[PDB]
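The chain that follows stands alone, in the form deposited in one PDB entry, written as structure tokens.
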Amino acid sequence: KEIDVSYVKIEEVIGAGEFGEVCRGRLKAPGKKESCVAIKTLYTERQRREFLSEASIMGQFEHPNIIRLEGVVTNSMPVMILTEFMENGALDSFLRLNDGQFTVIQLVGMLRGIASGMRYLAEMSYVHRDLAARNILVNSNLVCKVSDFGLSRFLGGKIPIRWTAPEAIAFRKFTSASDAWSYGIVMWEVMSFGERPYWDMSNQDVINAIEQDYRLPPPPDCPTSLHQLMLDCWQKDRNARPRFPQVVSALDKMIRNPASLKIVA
């Protein structure tokens, strides 16, 4: 979806990505109402192609828990990726600002949205590789959407150790099952209102700890069923981890039986 650059007004810089700035803007194209957009702006030709691979793959997705591509600008500089705008930004920082201010049911709803997005990606054979609360964006109604897409390999970025399943660290075998590990980490982040996973450990400490059977403890006030689901995501045997359809189904059952959520350590 090449977009005429005259249709785009950039309004403010709102963040930084791995290739450049993130801005808020407005897109108005003939036939369509004006919408608010987020804009990544961009190097070698390989880096340009890596940058744009995000748009290539995002444009192929359509799901309420996956950020929607509006278009790209490639015929002028800077080159741009334009998406729907998520007013509340990254989930880890949104939760820190809102520490202790959402109910367990609301937090489960967020996790259910993220798990539905992942179920869709897994169904499309897309392995995310960087599933982390920082890559979940949150709109005005607490709707959570998966972001940070691309087809580049890590050295691309560096493997995100704290979020990465042990077999993906050791052997670089990334699968939807290693994403399920990362999802368990995201659950822990959400229930801890955006605490850093393993905050008191270095990357190497995390690698060594997981190998020696350490798992993150239940966050304060975290329902035991939610922590058990984390522990299930963090099974060493990747084939024993629940798949995303089972994850969504587990969360939906908790939402049906909220009394279950009152059991805490």
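From 1 onward, residues are counted along the sequence shown. Take the two forms, superpose them, and find the largest set of C-alpha atoms that agree within 1.5 Å; that set is the rigid core.
Although not depicted, the form deposited in another entry is the subject of the following passage.
Visitor: In a superposition on the rigid core, which residue from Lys32, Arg196, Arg215, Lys236 has a CA displacement reaching 2 Å or more between this form and the one not shown?
Guide: Going through each option, the one that shifts is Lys32.
Visitor: Relative to the superposed rigid core, does the CA atom of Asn75 travel 2 Å or more between this form and the one not shown?
Guide: Indeed, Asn75 is displaced by 2 Å or more.
Visitor: Can a Cα shift of no less than 2 Å be assigned to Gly117 between this form and the one not shown, given superposition on the rigid core?
Guide: The answer is no; the displacement is under 2 Å.
Visitor: For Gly184, state whether the C-alpha moves by 2 Å or more between this form and the one not shown after rigid core superposition.
Guide: Shift of 2 Å or more: no.
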